[PDB]
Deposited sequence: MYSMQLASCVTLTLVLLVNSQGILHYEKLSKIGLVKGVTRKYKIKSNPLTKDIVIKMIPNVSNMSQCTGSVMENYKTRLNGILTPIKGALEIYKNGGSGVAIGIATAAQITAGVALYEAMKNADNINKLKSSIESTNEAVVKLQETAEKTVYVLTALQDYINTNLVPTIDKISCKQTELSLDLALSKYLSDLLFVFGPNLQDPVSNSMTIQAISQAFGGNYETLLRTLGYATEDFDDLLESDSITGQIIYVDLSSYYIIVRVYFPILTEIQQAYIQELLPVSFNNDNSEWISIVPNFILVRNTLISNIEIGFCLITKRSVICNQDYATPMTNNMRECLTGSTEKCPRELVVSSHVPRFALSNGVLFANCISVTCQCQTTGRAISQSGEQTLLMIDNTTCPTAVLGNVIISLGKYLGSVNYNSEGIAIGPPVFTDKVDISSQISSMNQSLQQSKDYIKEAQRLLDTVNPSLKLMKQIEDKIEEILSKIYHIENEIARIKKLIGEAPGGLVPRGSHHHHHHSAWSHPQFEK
């Protein structure tokens, strides 16, 4: 659609292209958390641990709703059984017990909502593999504590499953202006940072309220706006009529980062490599210069020390080795 090659001639670098998805009303499920387990029927060595666990449980729940060798040995076995149960439960659901009104669901809770079956999850909620990944990395599957019972200790977490609406062919195109040199002067093209393209349709979008995901843009509702014919003309390829301003007495971006690729204005400012100390070759055909981790892991641009995706080695967890 857009003529990106001619857009690069006046500084518009291509950014991340994301699919456009609209968050409809959320699907709803409840998870009853019977926070007291099935204790044994024996009473000789059970009551004290049960009462301590009950008061420990009150300490958790009240802020939420409020807002003898054998005997001791059996006593300890039950006590650690309860502690392991609560430790696992507060791992799956504890983030909801800490922000009861609205907290993102742990992926364990998302699995327990559907019995650990992710194929059931995608079928019931209509999620594609892409949609589920976008929700998880955007922290959008959120739960809310809707019931706390102190006579029979259990809580109900209302899991809201958002329903996404990826447009069939709408893409969010990120445009990164970068200064370019022309007629012995430096210019910057004034264009929207994000543009919406759907087939031949081009529209502005204000993503300040939506969620940015590596593969998609989750907008609660469509913020598409009609786009000026002049702006459509330039982005279509008529680059002669894009807004441009001289960079004098102002600061403008001379570098853009596009998924690990650095575009640099190496004419106005001298660009070098920090690991080597020599300049980088520029052909006259290109008005912007391209760097990647293949050529430079870190590049100095004037005095700006931009670094790229260097990868350091692995490390162990450095465990205490308790055994």
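Checklist entry - Which bits of the deposited sequence have no atoms placed for their C-alpha? => result No C-alpha coordinates exist for 1-22, 90-170, 427-529.
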